[PDB]
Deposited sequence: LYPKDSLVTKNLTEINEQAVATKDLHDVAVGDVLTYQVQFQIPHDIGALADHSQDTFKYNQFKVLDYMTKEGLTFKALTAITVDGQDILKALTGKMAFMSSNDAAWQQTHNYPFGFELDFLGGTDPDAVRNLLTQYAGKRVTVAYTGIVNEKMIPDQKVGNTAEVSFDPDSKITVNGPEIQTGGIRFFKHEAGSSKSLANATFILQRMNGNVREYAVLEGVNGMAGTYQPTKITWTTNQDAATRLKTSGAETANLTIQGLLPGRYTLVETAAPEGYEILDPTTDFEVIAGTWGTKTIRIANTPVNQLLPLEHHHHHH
């Protein structure tokens, strides 16, 4: 049995055991295993269960869809749909059945029509079958945490672990020049260079948030006026934080100082460090003028 993360946002990615992800990313996984050569055999059938359980013990992914079940280049999901047993972590029964924040269980022979399913699998006896599915990186995917999954295949088991995923974040502390006084209501936008194209962050799911940003998705625009205006809180230690970012270079661009202040540093260049909140909370001064 194998498990791999094969795509991010429907683009193929290189196989490795650790991937950096952004919040809102759609991750494609594949779990592959062999149909027994004697899947069709009489013992009354020898096989009455053919189960795939896939789960994560840590938060950060929401189940999206079972996308394909393929063998020998043939997608057989259309033929199998409605005949099998299936539950995911989106279903109300999941938590009490399998106490994990993410996962699914597919029992090829546990549904209403196991004979039909067994007959189909018998056409591909001894061949490798791939179950593909997607998940969505959600607002509970926090930095400083590598999270992985486990798949188990059983006929009454074999277990494998998938790759780990992680995300980045950053913290700033906007303050009055010369002191540690927290300044609320400074306005920033988040900028990056994607190749030679300057782009700005659009955060979904952050209406009503200030200071702490925990978006459900981050996309990028070349229309600067469409960028989400991020606001500092008056909090003590870090009054602007963002999570769910890919590693690399960014610029925090100050578009308005708080009332009674002027901008000192229009641009703050910084790095997101893969999988972490970064080296330190980045202090940014504003100049008092009242």
Problem - Gaps in the model, given as deposited-sequence positions counted from residue 1 - result: 1-7, 51-55, 169-171, 306-317
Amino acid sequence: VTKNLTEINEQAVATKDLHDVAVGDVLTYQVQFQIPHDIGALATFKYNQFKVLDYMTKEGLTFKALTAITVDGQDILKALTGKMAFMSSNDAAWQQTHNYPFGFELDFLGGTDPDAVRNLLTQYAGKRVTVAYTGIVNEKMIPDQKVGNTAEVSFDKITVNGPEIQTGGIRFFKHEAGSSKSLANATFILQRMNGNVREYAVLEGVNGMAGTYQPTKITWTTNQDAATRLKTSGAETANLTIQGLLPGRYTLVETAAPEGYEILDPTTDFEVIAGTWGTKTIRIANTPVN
From here on, numbers count along this sequence of modelled residues.
Exercise for the section: Give the stretch, out of 19-27 and 276-284, with the larger mean C-alpha temperature factor in the deposited entry. Expected result: 276-284
Handout entry: Stretch with the higher entry mean CA B-factor, where the candidates are 131-139 and 81-89
Key = 81-89
Practice task
Sort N99, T219, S182, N185 by C-alpha B-factor from the entry and give me just the highest.
Solution key: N99
Handout entry: Identity of residue with top Cα B-factor, from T255, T237, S233, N223
Key = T237
Completion exercise
Here the Cα B-factor of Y47, set against its chain, lands in the third termed highest
Handout entry: Chain-relative CA temperature factor third for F173
Key = lowest
Handout entry: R118, C-alpha B-factor rank within chain (lowest, middle or highest third)
Key = highest
Practice task
Check where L190 lands among this chain's C-alpha B-factors and tell me if it's the lowest, middle or highest third.
Solution key: lowest
Exercise for the section: Grab the CA temperature factor for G208 from the record and place it in the lowest, middle or highest third of its chain. Expected result: highest
